[PDB]
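Note that each Cβ is placed from the backbone with ideal geometry, even for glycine, and that neighbours are counted across all protein chains shown. Read-outs: derived from the displayed coordinates by stated rules, not from any lab.
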Ligand SMILES: [Zn+2]
């Protein structure tokens, strides 16, 4: 696709749940947990 000659290109790991952003993938992964715990039912649907 958008091939080229450029490396060392990190990404802005953003959360598609609340609206956060981290530097390292792990950081985000750990955060997401806050949204996913013990399958707490809610207004999610219905
Ligand atoms: Zn979040």
Among residues of the chain, those that are surrounded by fewer than 11 Cβ atoms within 10 Å (Cβ to Cβ) and in contact with a strand residue (DSSP E or B) (Cβ under 6 Å, 6 or more places away or on another chain), counted
1
Could you tell me which residue of region 1-39 is farthest from the ligand (Cβ to nearest atom), considering only residues that are touching a residue at least 12 places away in the same chain (Cβ under 8 Å) and assigned to a helix (DSSP H, G or I)?
25
